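*Asks:* Take a look at this one; I'll ask things after.
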Amino acid sequence: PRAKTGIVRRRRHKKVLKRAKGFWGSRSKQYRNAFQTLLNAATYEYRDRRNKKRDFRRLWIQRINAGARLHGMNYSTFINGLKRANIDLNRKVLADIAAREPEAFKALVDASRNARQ
Amino acid sequence: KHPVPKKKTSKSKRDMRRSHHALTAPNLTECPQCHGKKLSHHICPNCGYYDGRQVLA
Amino acid sequence: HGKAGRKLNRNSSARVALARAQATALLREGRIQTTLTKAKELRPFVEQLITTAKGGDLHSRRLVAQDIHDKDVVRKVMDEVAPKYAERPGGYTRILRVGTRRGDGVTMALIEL
Amino acid sequence: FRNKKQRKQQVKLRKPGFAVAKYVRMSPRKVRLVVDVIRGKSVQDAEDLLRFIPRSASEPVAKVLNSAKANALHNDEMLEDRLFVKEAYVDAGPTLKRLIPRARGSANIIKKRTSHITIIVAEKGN
RNA sequence: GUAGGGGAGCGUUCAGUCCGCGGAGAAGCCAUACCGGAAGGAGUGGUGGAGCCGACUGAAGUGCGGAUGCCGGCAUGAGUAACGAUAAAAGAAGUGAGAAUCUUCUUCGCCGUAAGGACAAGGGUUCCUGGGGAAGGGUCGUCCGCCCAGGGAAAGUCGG
RNA sequence: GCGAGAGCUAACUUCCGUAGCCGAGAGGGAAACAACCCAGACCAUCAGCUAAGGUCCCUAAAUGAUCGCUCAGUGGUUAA
RNA sequence: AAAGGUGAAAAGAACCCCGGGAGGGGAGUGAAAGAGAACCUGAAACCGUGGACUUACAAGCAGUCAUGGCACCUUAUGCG
Ligand SMILES: [K+]
Ligand SMILES: [Mg+2]
Ligand SMILES: [Mg+2]
Ligand SMILES: [Mg+2]
Ligand SMILES: [Mg+2]
Ligand SMILES: [Mg+2]
Ligand SMILES: [Mg+2]
Ligand SMILES: [Mg+2]
Ligand SMILES: [Mg+2]
Ligand SMILES: [Mg+2]
Ligand SMILES: [Mg+2]
Ligand SMILES: [Mg+2]
Ligand SMILES: [Mg+2]
Ligand SMILES: [Mg+2]
Ligand SMILES: [Mg+2]
Ligand SMILES: [Mg+2]
Ligand SMILES: [Mg+2]
Ligand SMILES: [Mg+2]
Ligand SMILES: [Mg+2]
Ligand SMILES: [Mg+2]
Ligand SMILES: [Mg+2]
Ligand SMILES: [Mg+2]
Ligand SMILES: [Mg+2]
Ligand SMILES: [Mg+2]
Ligand SMILES: [Mg+2]
Ligand SMILES: [Mg+2]
Ligand SMILES: [Mg+2]
Ligand SMILES: [Mg+2]
Ligand SMILES: [Mg+2]
Ligand code: NA
Ligand code: NA
Ligand code: NA
Ligand code: NA
Ligand code: NA
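Protein chains in written order, with PDB author numbering: chain N, 2 to 118; chain Z, 3 to 59; chain K, 3 to 115; chain P, 8 to 133.
See below:
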């Protein structure tokens, strides 16, 4: 008994191709180039899952030291002034606090200075 | 053949090239004799006039 | 540059046999249609030819016969046409452009007296 | 409604103002060049331009324009003083492959394209 | 985690068996944001116009991006190079749905120990007449050595 | 890298001994960079601590503290 | 070498419209013309028309991640 490859290769291929959306060129229309894009695509996806965390952390920091600086301190001094006191252990989300509620974050700064010198 | 191209050209490029291929529409006039549209500084191919009538209808 | 003075379409004997053939033709038929360029080229040649023939002296005739190798026509221009064109400064030839063509897509025109 | 069968016998499906010249011995691209000038404009104007455009696709494009008008007027009973080229376009037809002898023994293949010039007219509607 | 070894499965065709679906419509194709750990599977809609899922089991022409792979179709080079000897041609008139390209006329030009004429070899209706304009014709074509029908080829002594 | 031969105590040289890595090893650092330094990726996360390295700006992080050096742009190519 | 397929059966389009034609639009036959005779299905490359969101100081393996704007809400008004 024979067994053509009928319908199989079409579906596989279509699954691949349907992945290609904002895909410029023949990346989105010719199978091979599509699949091939999908390799390096893998690479980027997987690494970016890990990377996005680095990114965000950086973001939050970049805000936090700004807040710090708005009063007369910095990020080093500020976080450190929450380490000396087991009191404040926010760390995460702090950026949102310096971005939305200024007064609160002022209070935190004042606390940091008070738990240092 | 020395005059060979490296890669095949993209739809995109190959069309940008053609962005200078649009024919100009003949600016036509209204003939003051047989109300037919004709070509400026030429003879109305319809009635045959051009200040009085020259060609055979 | 290229600031000369005439047209050419072929060689040297050509533009001649042309201007002659066409001059003869027009003189004989009084109006012909041809390519707007060929027309433009013919205008002054033929105008000038009327002015030669427009003299009456056997000389003027024998001059005209150098171009018009057709006797009936030389007689025509000489004794009929020239005479008639006696009072008008110079040159009664005009060109009317018809329109584009199908064979080659070339704008045609009518030259006439 | 019903289902997919009944709708078939209850409606025949008409094409208001539609003409097609299929298989025209010309390459689509040129004819595109000609059509482009009529894209969405008075049918009168249309007829007038085709009469002066020095291209030869002009002819068949014209013939089809007219056939459309003819349809809208006799089969669709429209008002010709309000007619215009709603939409028009040229698709490639089958191709004429010809074997053209080249130098040194090798041969090539000339590709003689055809065309399905279609054009569809319509009342302006303000 | 490469060569490599081991394990569990998906998918396809055929076969047996069982449960079945199908004109109010199968398979196939087309769309989709749902499900599964993967191979994949399903719902709905569109197209279609006859047949075909699921489960279990058996057997294989069983899974493709590559091999300057094979077949086929369609692209790029691009409206580019070319249109096949540098013996140019012009006007009028006619026909025609449409003429630079066909017909006629009057000129012009080119071969003329040929680019004239007559035979052999070879090609086989290409001849003649009247039609035809799909393809062939390196452009058009109303014309053609192309298409169609009809006709034409005559030996006692010229060839055998 | 170390310990030798060969080679001019030359070569991204060659030939042996031994350790590590690459080969089949992602990630961080060294601008970029197989090997070097730090570290061995089961999967998910808008969580936290560190290593090698750094903390003016272009990327995250003290234009940080105290005591010295260097008038050179040395740092940011070499010797008698 | 390659080349299969109208429909149950030709009833396979009388007539009219554009056109020399080819081709097409009506009408009628038929369950169906979304079967029309270079007619079962009609995938992909490839060509084109319409629409939405976009693009004429930036260096682009053509992605990936994150955010914003705009648009649409048939597994689907908050998830996308
Ligand atoms: K017909
Ligand atoms: Mg981390
Ligand atoms: Mg000479
Ligand atoms: Mg009915
Ligand atoms: Mg049936
Ligand atoms: Mg096999
Ligand atoms: Mg291949
Ligand atoms: Mg190559
Ligand atoms: Mg091929
Ligand atoms: Mg050009
Ligand atoms: Mg070029
Ligand atoms: Mg050029
Ligand atoms: Mg050329
Ligand atoms: Mg040549
Ligand atoms: Mg030539
Ligand atoms: Mg010629
Ligand atoms: Mg001689
Ligand atoms: Mg014979
Ligand atoms: Mg003959
Ligand atoms: Mg023909
Ligand atoms: Mg031809
Ligand atoms: Mg005999
Ligand atoms: Mg070595
Ligand atoms: Mg190896
Ligand atoms: Mg880096
Ligand atoms: Mg820390
Ligand atoms: Mg440290
Ligand atoms: Mg910083
Ligand atoms: Mg220096
Ligand atoms: Na000359
Ligand atoms: Na599916
Ligand atoms: Na290793
Ligand atoms: Na370096
Ligand atoms: Na578009």
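Here a beta-carbon is modelled for each residue, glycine too, at the ideal position from N, C-alpha and C.
#1: Any idea what DSSP makes of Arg-50/N, helix, strand or coil?
#2: Residues in the same chain with beta-carbon distance under 6 Å from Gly-132/P, minus the five sequence neighbours each way, listed in chain order, please.
#3: Among the residues of its own chain, which have a CB less than 8 Å from the CB of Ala-114/P, if the five just before and after it don't count?
#4: In whole angstroms, what separates the C-alpha of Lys-73/K from that of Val-108/K?
#5: Where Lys-86/K and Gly-58/K are concerned, what is the direct C-alpha to C-alpha distance, given to the nearest angstrom?
#6: Indicate whether at least one CB of chain K lies closer than 8 Å to the CB of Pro-47/Z.
#7: Output needed in chain order: residues of the stretch 87-110 of chain K with a Cβ under 9 Å from some Cβ in chain Z.
#8: Please report the straight-line C-alpha distance between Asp-49/N and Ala-35/N, rounded to a whole angstrom.
#9: Per the contact definition of three or more C-beta pairs closer than 8 Å, is the stretch 23-30 of chain P in contact with the stretch 123-132 of chain P?
#10: Check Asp-43/P in the structure and name its three-state DSSP category.
#11: Any idea what DSSP makes of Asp-53/Z, helix, strand or coil?
#12: If distances are taken between C-alpha atoms only, which option among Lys-9/Z, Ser-21/Z, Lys-39/Z and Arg-19/Z comes closest to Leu-56/P?
#13: Only counting the same chain, and skipping five residues up and downstream in sequence, which positions put a Cβ closer than 6 Å to that of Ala-69/N?
#14: Taking 8 Å as the threshold (C-beta atoms), are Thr-26/K and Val-75/K in contact?
#15: Look up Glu-114/K in the DSSP assignment and say whether it is helix, strand or coil.
#16: Along chain K, which residues have their Cβ under 8 Å away from the Cβ of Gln-56/Z?
#17: Please name the residue or residues paired with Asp-98/P in a DSSP beta bridge.
#18: Can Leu-44/K and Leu-28/K be called in contact, C-beta distance under 8 Å?
#19: Candidates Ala-75/P, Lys-12/P, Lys-70/P and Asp-83/P: which alpha carbon is nearest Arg-21/P's?
#20: For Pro-108/P, which three-state DSSP category applies?
#21: Taking the alpha carbon of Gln-68/K as the point to measure from, which residue in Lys-9/K, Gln-35/K, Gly-7/K and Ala-21/K has its own alpha carbon closest?
#22: Within 8 Å of any Cβ in chain K, is that where the Cβ of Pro-108/P sits?
#23: Kindly list, in the order they appear in chain K, the residues whose Cβ is closer than 9 Å to that of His-22/Z.
#24: Can you find a CB in chain P that lies within less than 8 Å of the CB of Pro-28/Z?
#25: Would you say residue 2/P and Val-38/P are within 8 Å of each other, going by their C-beta atoms?
#26: Among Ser-15/K, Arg-8/K, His-71/K and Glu-49/K, which one has its Cα closest to the Cα of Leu-115/K?
#27: Please list the terminal residues of the continuous alpha helix (DSSP H) segment that includes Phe-106/N.
#28: Of all the options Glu-104/N, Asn-115/N and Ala-100/N, which has the alpha carbon lying nearest to the alpha carbon of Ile-62/N?
#29: Report the residue from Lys-40/K, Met-80/K and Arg-12/K whose alpha carbon sits nearest the alpha carbon of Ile-113/K.
#30: Report yes or no: do the stretch 9-21 of chain Z and the stretch 85-103 of chain N share at least 3 C-beta pairs separated by less than 8 Å?
*Replies:* Here's the rundown:
#1: helix
#2: none
#3: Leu-106, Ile-107 and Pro-108
#4: 33 Å
#5: 12 Å
#6: yes
#7: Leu-98, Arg-99, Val-100, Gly-101, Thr-102 and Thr-109
#8: 20 Å
#9: yes
#10: coil
#11: coil
#12: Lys-39/Z
#13: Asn-75, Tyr-76 and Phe-79
#14: yes
#15: strand
#16: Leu-98 and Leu-112
#17: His-123/P
#18: yes
#19: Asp-83/P
#20: strand
#21: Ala-21/K
#22: no
#23: What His-22/Z touches in chain K: nothing, since even the nearest Cβ is about 20 Å away.
#24: yes
#25: Only positions 8 to 133 of chain P appear in the structure, and residue 2/P is not among them; the question remains open.
#26: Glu-49/K
#27: 103-115
#28: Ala-100/N
#29: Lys-40/K
#30: no
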